[PDB]
Novice: 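The structure follows.
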Amino acid sequence: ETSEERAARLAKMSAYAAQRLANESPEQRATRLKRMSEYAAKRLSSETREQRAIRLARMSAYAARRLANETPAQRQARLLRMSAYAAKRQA
DNA sequence: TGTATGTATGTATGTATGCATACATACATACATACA
């Protein structure tokens with residue numbers, strides 16, 4: 001299959017997925033997300049030490065970039081949230 | 001006290017395999033811990 005053919009098959013696949021999600025009830029949505037959670041729990045509890053260390057390292061790097069791309073309003077709101085949460089814990 | 005840094009949990013998105021099923025990835029949300 002060519003690079004072009006693959007892209008057209010996958011565009012269609014993505015469109016059917018989009019339709020199916022847009023047709024879900026809120027109950028179907030929440031059942032889907034519960035299964036996603038379980039699948040992820042199950043992957044994590046059998047993770048090796050090394051796989052864990054790689055996952056955290058990537059997570060700490062996704063976080064760095066995300067922070068670095070934040071607008072000034074987003075930064076500011078993030079600091080407010082942390083500052084209010086710290087204040088609550090102190091008091 | 002407040003912000004930088006780390007991570008437990010959750011999910012939007014894409015797709016390999018049998019349009020739906022059933023994962024799998026990338027990345028966010030939300031708090032927690034380290035540190036100035």
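Labels below follow one simple rule: chain letters A, B, ... track the order of the sequence lines, proteins then strands, and each chain is numbered from 1. Atoms considered below: every heavy atom in the structure, side chains included; atoms not considered: hydrogens, waters and symmetry mates.
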Novice: Quick check for you: among B/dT15, B/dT13, B/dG6, whose closest atom lies nearest to any side-chain atom of A/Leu21?
Specialist: B/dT13
Novice: Between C1' on B/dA12 and CE on A/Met36, what's the gap in Å once rounded to a whole number?
Specialist: 7 Å
Novice: With a 3.5 Å distance limit and no angle check, can you tell me whether A/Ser83 reaches the backbone of A/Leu79 through a side-chain donor-acceptor pair?
Specialist: no
Novice: Which pair of non-hydrogen atoms, one from A/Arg29 and one from A/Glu24, has the smallest distance, and what is that distance?
Specialist: CA-OE1, 3.4 Å
Novice: Measure from the side chain of A/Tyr85, starting at C-beta and using heavy atoms only, and say which of B/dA16, B/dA32, B/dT29 lies closest.
Specialist: B/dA32
Novice: May I ask you to list the residues of residues 43-55 of chain A, by number, that have any heavy atom positioned under 4.0 Å from an atom of DNA chain B?
Specialist: A/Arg43, A/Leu44, A/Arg52, A/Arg55
Novice: According to a strict under-4.0 Å criterion, is A/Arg20 in side-chain N/O contact with OP1 or OP2 of B/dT21?
Specialist: no
Novice: Return whichever of A/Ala40 or A/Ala17 has its heavy-atom-nearest nucleotide of DNA chain B closer to the 5' end.
Specialist: A/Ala40
Novice: From A/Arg52 CZ over to A/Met59 CE, what is the distance, rounded to the nearest 0.5 angstrom?
Specialist: 9.0 Å
Novice: Name the closest nucleotide to the A/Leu56 side chain, picking from B/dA26, B/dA8, B/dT11.
Specialist: B/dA8
Novice: Consider the side chain of A/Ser60, meaning its heavy atoms from C-beta on, and name the nucleotide among B/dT7, B/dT15, B/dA16 that approaches it most closely.
Specialist: B/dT7
Novice: How many whole angstroms separate atom CG of A/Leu80 from atom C1' of B/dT1?
Specialist: 14 Å
Novice: Check the distance between B/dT3's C1' and A/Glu70's CD and give it to me in whole angstrom.
Specialist: 12 Å
Novice: Of all heavy-atom pairs between A/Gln74 and A/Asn69, which one has the smallest distance, and what is that distance?
Specialist: OE1-O, 4.3 Å
Novice: Among B/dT25, B/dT9, B/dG14, which nucleotide sits nearest the side chain of A/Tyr39?
Specialist: B/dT25
Novice: Tell me the interatomic distance from A/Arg35, atom CZ, to B/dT11, atom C1', rounded to whole angstroms.
Specialist: 14 Å
Novice: Counting only heavy atoms not in A/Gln76, do more than 12 fall under 6.0 Å of its CD?
Specialist: no
Novice: Please report the distance, rounded to the nearest Å, between CD in A/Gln19 and P in B/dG14.
Specialist: 15 Å
Novice: Which whole-number value in Å describes the distance from A/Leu10 CG to B/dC19 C1'?
Specialist: 14 Å
Novice: From C-beta outward on A/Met82, which listed nucleotide comes closest to its side chain: B/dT11, B/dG14, B/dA32?
Specialist: B/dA32
Novice: Closest to the A/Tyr62 side chain: B/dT5, B/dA28, B/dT15?
Specialist: B/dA28
Novice: Looking at the side chain of A/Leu67, which of B/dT17, B/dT15, B/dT5 is the nearest nucleotide?
Specialist: B/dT5
Novice: Strictly distance-based, threshold 3.5 Å: is any side-chain N or O of A/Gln19 a donor or acceptor partner for the main-chain N or O of A/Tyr16?
Specialist: no
Novice: Looking only at side-chain atoms of A/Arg9, point me to the closest of B/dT17, B/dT7, B/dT5.
Specialist: B/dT17
Novice: Check every strand shown and say whether A/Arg75 touches a base, only sugar-phosphate, or nothing at a heavy-atom separation below 4.0 Å.
Specialist: sugar-phosphate
Novice: Only counting residues at least two apart or in another chain, list the ones meeting side chain to side chain donor-acceptor pair (under 3.5 Å) with A/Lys34.
Specialist: A/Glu38
Novice: Say we look at B/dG14 and B/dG18: how far apart would their P atoms be, to the nearest angstrom?
Specialist: 23 Å
Novice: Treating A/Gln51 as the side-chain partner and A/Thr48 as the backbone partner, does any N or O pair qualify as donor plus acceptor under 3.5 Å?
Specialist: yes
Novice: With rounding to the nearest 0.5 angstrom, report the CZ to OG distance, A/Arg9 to A/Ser14.
Specialist: 11.0 Å
Novice: Quickly work out the A/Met13 CE to B/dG14 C1' distance and round it to whole Å.
Specialist: 9 Å
Novice: What distance do A/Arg43 atom CZ and A/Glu47 atom CD have between them, rounded to the nearest 0.5 Å?
Specialist: 8.0 Å
Novice: Would you say that more than 12 heavy atoms from the other residues, nucleotides or ligands in this model lie under 6.0 Å from the CD of A/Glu50, or not?
Specialist: no
Novice: Using a heavy-atom cut-off of under 4.0 Å over every strand shown, decide if A/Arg66 touches base, sugar-phosphate, or nothing.
Specialist: base
Novice: Would you mind telling me which of B/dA20, B/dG2, B/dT7 lies closest to the side-chain atoms of A/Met59?
Specialist: B/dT7
Novice: Whenever both distances are under 3.5 Å in a Watson-Crick or G-U wobble pair, mark it; put DNA chain B into dot-bracket that way, with [ ] for crossing pairs and | when the partner is on another strand.
Specialist: (((((((((((((((((..)))))))))))))))))
Novice: Please confirm whether the shortest side-chain N or O distance from A/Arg6 to OP1 or OP2 of B/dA16 is below 4.0 Å.
Specialist: yes
